[PDB]
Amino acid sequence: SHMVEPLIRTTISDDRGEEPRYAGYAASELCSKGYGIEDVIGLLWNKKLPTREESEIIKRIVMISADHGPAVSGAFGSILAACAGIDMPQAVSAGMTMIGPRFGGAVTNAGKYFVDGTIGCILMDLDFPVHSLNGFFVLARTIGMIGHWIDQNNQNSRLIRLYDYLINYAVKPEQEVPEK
């Protein structure tokens, strides 16, 4: 036994009490008093209960951004993993990894410089923490990525191997290996 310096410091949630507390509030009480998912987002990302106006905007941003079909990088990454027989959380994690400068992670930088731009601007105008901006697209698109994983599993989709005609093999001319 000895003195321990904490490894981490947390300010948003705790589970040592009767039930988990999100920015000091019990989820059962948040449910009982008519709060929603958008309110829990505000608590865990902003440490305060959103106003009615903010709640309604958060709800709409998430609904509008939930999915944009299977062709886009996040959804396609989740589909590729679903077809490779990967379990849901790990498959969605591969799709989530695609979120960044070119696909849906432009919201934080576009709010900095002024649907990544309307949302980015709106979130800056709501004075939400700068570090939180990408969260709206990450969370919203997780709804769609889970959906695509379920869809492929319902269909028992087989492994994807990209068709040869879809690849430009701009490879080196074949050479013999020289003696070492």
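Numbers for residues come from their place in the sequence shown, where the first is 1.
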Size class of the missing deposited segment between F114 and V115: 10 or more
task: Going by the average Cα B-factor in the PDB entry, point out whether 68-76 or 87-95 comes out higher.
output: 68-76
- prompt: Given the B-factors recorded for C-alpha atoms, which segment has the greater mean, 97-105 or 78-86?
  reply: 97-105
- line: Reading the B-factor column for Cα atoms of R141, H148, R60, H131, the highest value belongs to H131
message: Is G34 in the lowest, middle or highest third of its chain when residues are ranked by C-alpha B-factor?
response: highest
- prompt: So where's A26 on the chain's Cα temperature factor ranking, which third?
  reply: middle
- prompt: Going by the entry, which third of its chain does the Cα temperature factor of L44 land in?
  reply: lowest
message: Which third, lowest, middle or highest, does the C-alpha temperature factor of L166 belong to within its own chain?
response: highest
message: Is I8 in the lowest, middle or highest third of its chain when residues are ranked by C-alpha B-factor?
response: lowest
